[PDB]
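Cβ atoms come from the backbone with ideal geometry, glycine included; neighbour counts cover every protein chain shown. Computed from the coordinates by the stated procedures, all read-outs in this text should not be read as laboratory data.
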């Protein structure tokens, strides 16, 4: 579209924030109104199925029905804003720097970011994007040098071990698994 990988990361960042700042109080009392905004804003620029296919291996992702896949994402997205949503809400904080993106191969692309959080500590963030039908979408993020996509992947792997590879037990108990993946 009308958007390079750089414009995608900031214009979504601006979009997300000017909405979180304005509707904070309704989000603090209405997790579904929150969830609906997060989806309306992130969904169009986040490769949902790509993200999920990678957390499950392609091994397991291939033995998953659409119902299960669709159940997984819902469960995933929802524990995410459960355990991280507060931080975004209480982010009237400032200092959003989207680094000028390097060059891309027209298929993959990187975007860096620095965040001056709750004092003056700068935190680094690399976005990995991917081109899906002429559209740049976020596929992974590295936060404080922690590969997020690899973090949740090893959690799915660990759980599936413990659950003798039952997808439904792993998928229906995944919120509690994202809780553990803080630590």
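Odds and ends about this structure:
- Segment 125-183 holds helices (runs of 4 or more DSSP H) entirely within its bounds, and those carrying 1 or more residues that are within 17 Å of residue 113 (Cα to Cα) and free of Cβ contacts under 8 Å to residues at least 60 places away in the same chain map to 148-162.
- The set of residues from segment 39-78 being farther than 18 Å from residue 148 by Cα, in contact with a helix residue (DSSP H, G or I) (Cβ under 7 Å, 6 or more places away or on another chain) and part of a helix (DSSP H, G or I) comprises 41, 60, 61, 68, 69, 71.
- Subset of segment 84-109 [out of contact with any helix residue (DSSP H, G or I) (no Cβ under 6 Å at 6 or more places or on another chain), more than 19 Å from residue 46 (Cα to Cα) and in a helix (DSSP H, G or I)]: 86, 87
- Of the listed requirements (1) buried (at least 17 other Cβ atoms within 10 Å of the Cβ); (2) closer than 30 Å to residue 26 by Cβ, residue 116 misses just one: (1).
- Scanning segment 18-64 for residues that are touching a residue at least 60 places away in the same chain (Cβ under 8 Å), exposed (fewer than 13 other Cβ atoms within 10 Å of the Cβ) and either more than 29 Å from residue 95 (Cβ to Cβ) or in contact with a strand residue (DSSP E or B) (Cβ under 6 Å, 6 or more places away or on another chain) (or both) returns a single hit, 63.
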